[PDB]
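Novice: Here it is, the structure in full.
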There are 2 protein chains.
Amino acid sequence: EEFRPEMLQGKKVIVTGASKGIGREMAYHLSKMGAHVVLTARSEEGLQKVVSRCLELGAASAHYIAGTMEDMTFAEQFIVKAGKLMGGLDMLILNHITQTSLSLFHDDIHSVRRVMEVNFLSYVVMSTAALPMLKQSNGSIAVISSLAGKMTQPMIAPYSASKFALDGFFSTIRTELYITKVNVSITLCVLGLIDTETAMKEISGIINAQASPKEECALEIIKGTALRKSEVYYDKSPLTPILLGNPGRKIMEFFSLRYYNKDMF
Amino acid sequence: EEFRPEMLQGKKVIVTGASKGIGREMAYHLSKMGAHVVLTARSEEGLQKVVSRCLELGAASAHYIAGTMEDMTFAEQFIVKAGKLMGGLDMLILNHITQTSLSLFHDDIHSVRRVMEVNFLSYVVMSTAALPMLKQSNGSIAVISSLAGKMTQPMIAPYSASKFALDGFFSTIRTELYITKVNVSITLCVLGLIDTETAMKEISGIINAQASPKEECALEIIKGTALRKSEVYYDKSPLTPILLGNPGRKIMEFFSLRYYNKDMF
Ligand SMILES: NC(=O)c1ccc[n+]([C@@H]2O[C@H](COP(=O)([O-])OP(=O)(O)OC[C@H]3O[C@@H](n4cnc5c(N)ncnc54)[C@H](OP(=O)(O)O)[C@@H]3O)[C@@H](O)[C@H]2O)c1
Ligand SMILES: NC(=O)c1ccc[n+]([C@@H]2O[C@H](COP(=O)([O-])OP(=O)(O)OC[C@H]3O[C@@H](n4cnc5c(N)ncnc54)[C@H](OP(=O)(O)O)[C@@H]3O)[C@@H](O)[C@H]2O)c1
Ligand SMILES: CC(C)(O)c1cccn2c(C3(c4ccc(Cl)cc4)CC3)nnc12
Ligand SMILES: CC(C)(O)c1cccn2c(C3(c4ccc(Cl)cc4)CC3)nnc12
Ligand SMILES: CC(C)(O)c1cccn2c(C3(c4ccc(Cl)cc4)CC3)nnc12
Ligand SMILES: CC(C)(O)c1cccn2c(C3(c4ccc(Cl)cc4)CC3)nnc12
């Protein structure tokens, strides 16, 4: 099956971490496709600015609810509100991350808790809150991850821990939805280094690799999620999906189901 | 190189979750090898019983400090105390897990938080607290994981999330120790189904797979950690380490270091 921008015309989409970077670009692409969009981040001003441009780009409707994903009550309330604002949900885009700087791990335990809370726990809170709505529309979740969520690199231990945690959790949920015959798709988006100002600022003088453009990245996520793919790899090397693909895991995953009591689902 | 039980004679070892299952078996094996051992779990009574048998089995010294790994201050204090009790640390065995039952994920954010806190955060708290001592003895950490920490299955989403998180974190730490020329080894132990009373009581009527013996399991962990292996796979099928090994990840991990400023380490 091939992608059509028509697939997102009139769809009700949530985009977290939408005030800058990849999130803002997804907001923009979704608007040009004519979707109903509800955006979130902490910066009320930044969200206001992107909602304006969204309406201008051709968004069916554009809403925002500012807040921190450090608060689990906020994370779940946000979904309920957004769902009411659009009268449903077709696609949930879990994209925000808490701030992290490249550092050889030393003793920041409070940073590690904040990373797990924002980058991991909030995503499970929101997916659980959005699932009844998504079950109705036969919807989709896009879980934004990284190469650091499939492999390891120095100076990003807490971050890598959170992206790995998302893979572990959402891959279990995906399998669970499939075996219970629930038509809700889960797309884990494995991203390489991207053009975002925050990313580029963070790596400066530490990492030398070339970054991919944020606009193309945002579109590849949307396309992949719309096409209901389990995984999307977006990175400069075409070797990355073959190297990180892990068909061995896929074989083990399929074969292991033979030991489960089918009555459980 | 090949393993000798002499390698653990007089070594100062910490074993978490040592009142039953694999932890108690590791305690026993370590005692028979003549090591100094400090054990922890919540049950003060259970720890007392295993310390008695440890002394009887031939332990150089055997101590215990009861408590919950839900408390991060306890987790950190425990390491400090245990290190003082033995006058050093040669091997840290992170094994405890919070209680989890096989269930298709519904909700229970509070359970997910507890799982991440106990199964993941406490391990990072303890490894950070033990690292100065381990740096001195050119020591080792054994991080106990599962097949569910390398691949996915139904009904164990929070648990799988925590084991995946450990891989993400500790693989970063391992690489960091190597590049900073610090001779501390990290052994991730990927375990299949083990015949613990707790494991067999959870999979009953749900899962039909054969379990491996806990005594052999405990010894394979100790052997692997002593031999300073990055990963130990212990499971009934000899296919498991080939299927879950992911050499592609290993290739990308090595090659990607070419982009880091070597001056950072
Ligand atoms: N850029 C890359 O090179 C790269 C590489 C691989 C993967 N990724 C993944 O791509 C996604 C987007 O990354 P990006 O580089 O575009 O990020 P970015 O420019 O820093 O944007 C992060 C977004 O999250 C929001 N946010 C930050 N803290 C928050 C909090 N406490 N609660 C709620 N929202 C919060 C930010 O807005 P506020 O500050 O206003 O709240 C912002 O809109 C992430 O999931 C990241 O893991 C990025
Ligand atoms: N058994 C298997 O089939 C299997 C398979 C794959 C991997 N594994 C891994 O193997 C390791 C050992 O598992 P097991 O089956 O031997 O477990 P087990 O029999 O349930 O023992 C868990 C241990 O952790 C302690 N513990 C529980 N809650 C705790 C808490 N809040 N704070 C501190 N300690 C706590 C328990 O004692 P208290 O209750 O007295 O605190 C007990 O000593 C785990 O890391 C597990 O992930 C096991
Ligand atoms: C995933 C990949 C390609 O391996 C990767 C490597 C290095 C940096 N990456 C980042 C940023 C980041 C992450 C974590 C922290 Cl602590 C700081 C900044 C720059 C945004 N996102 N992905 C990557
Ligand atoms: C790792 C492996 C082989 O895929 C696996 C499959 C199934 C059960 N496993 C378990 C137990 C467990 C785990 C999580 C919860 Cl919620 C409950 C009970 C039985 C102990 N440990 N590992 C496994
Ligand atoms: C059912 C359970 C416990 O969740 C499970 C998970 C993962 C592996 N399991 C296996 C083995 C296996 C299966 C298929 C292949 Cl191709 C290879 C090896 C190790 C024997 N048996 N049961 C399981
Ligand atoms: C340095 C950084 C950002 O952490 C990083 C992490 C992971 C992959 N990276 C790559 C690519 C690559 C490298 C080696 C091979 Cl064999 C294949 C593909 C994708 C181009 N370039 N930089 C990185």
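The chains in the structure tokens are called A, B, ... from first to last as shown; in each chain the residues are counted from 1, and the ligands are counted from 1 in the order shown.
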Taking only C-alpha atoms and all ligand atoms into account, which residues are within 6 Å of ligand 4, as a count of residues only?
Specialist: 13
Novice: Considering only C-alpha atoms, extract the chain A residues located within 7 Å of chain B and return them as a PyMOL selection string.
Specialist: chain A and resi 104+107+109+125+128+151-154+157-158+160-162+164-166+168-169+171-173+175-176+206-209+243-244+246+248-249+253+259-261
Novice: Residues within 7 Å of ligand 2 should be enumerated using only C-alpha atoms and all ligand atoms and returned as a VMD selection string.
Specialist: chain B and resid 16 to 23 40 to 43 46 67 to 70 95 to 99 118 144 to 147 190 to 199
Novice: Between atom 16 (Cl, counted along the ligand's line) of ligand 6 and CA of residue 255 (chain B), measure the distance and give it in Å to one decimal.
Specialist: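 According to the coordinates, atom 16 (Cl, counted along the ligand's line) of ligand 6 and CA of residue 255 (chain B) are separated by 5.2 Å.
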Novice: List as a list in words the protein and nucleic acid residues near residue 229 (chain A), meaning an atom at most 12 Å away when only C-alpha atoms are counted, but skip any in the same chain fewer than 2 places from it.
Specialist: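 Selected residues are residues 1, 2, 3, 140, 141, 142, 143, 174, 184, 185, 186, 187, 188, 189, 220, 221, 222, 223, 224, 225, 226, 227, 231, 232 and 233 of chain A.
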Novice: Would you output that residue set with C-alpha atoms, as a short mmCIF file (atom, residue, chain, number, x, y, z; two decimals), in the first residue's frame?
Specialist:
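Contents of the output file selection_35.cif:
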```cif
data_model
loop_
_atom_site.label_atom_id
_atom_site.label_comp_id
_atom_site.auth_asym_id
_atom_site.auth_seq_id
_atom_site.Cartn_x
_atom_site.Cartn_y
_atom_site.Cartn_z
CA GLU A 1 0.00 0.00 0.00
CA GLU A 2 1.19 3.53 -0.91
CA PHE A 3 0.58 6.75 1.09
CA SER A 140 -2.99 4.57 15.58
CA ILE A 141 -0.24 5.51 18.02
CA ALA A 142 3.17 6.86 16.86
CA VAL A 143 5.82 6.35 19.58
CA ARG A 174 1.22 -4.00 19.86
CA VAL A 184 -5.26 -0.20 16.77
CA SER A 185 -1.77 0.14 15.21
CA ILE A 186 1.49 1.02 17.08
CA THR A 187 4.33 2.62 15.12
CA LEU A 188 7.71 2.87 16.84
CA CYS A 189 9.70 5.55 14.98
CA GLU A 220 8.17 10.05 7.26
CA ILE A 221 6.67 9.54 10.79
CA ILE A 222 3.16 10.62 9.64
CA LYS A 223 3.41 8.46 6.47
CA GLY A 224 4.57 5.39 8.46
CA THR A 225 1.88 5.77 11.14
CA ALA A 226 -0.86 6.36 8.52
CA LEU A 227 0.33 3.18 6.69
CA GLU A 231 8.47 0.33 12.78
CA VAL A 232 9.75 3.32 10.84
CA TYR A 233 13.53 3.91 10.64
#
```
Novice: What gap, in Å, lies between CA of residue 89 (chain B) and CA of residue 6 (chain B)?
Specialist: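 Spanning CA of residue 89 (chain B) to CA of residue 6 (chain B) is a straight-line distance of 16.9 Å.
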Novice: Identify, with DSSP run on backbone atoms, the residues in region 2-220 of chain A assigned to strand (DSSP E or B), and express the list as a ChimeraX atom specification.
Specialist: /A:12-15,36-39,61-64,91-94,140-146,185-191,194,207,212
Novice: Got a sec to tell me which of region 92-256 of chain A DSSP assigns to helix (DSSP H, G or I), as a ChimeraX atom specification?
Specialist: /A:109-137,147-149,157-179,197-203,214-226,240-244,247-256
Novice: So the first atom is CA of residue 217 (chain B) and the second is atom 7 (C, counted along the ligand's line) of ligand 5; what is the distance between them in Å, to one decimal place?
Specialist: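 A separation of 16.2 Å between them.
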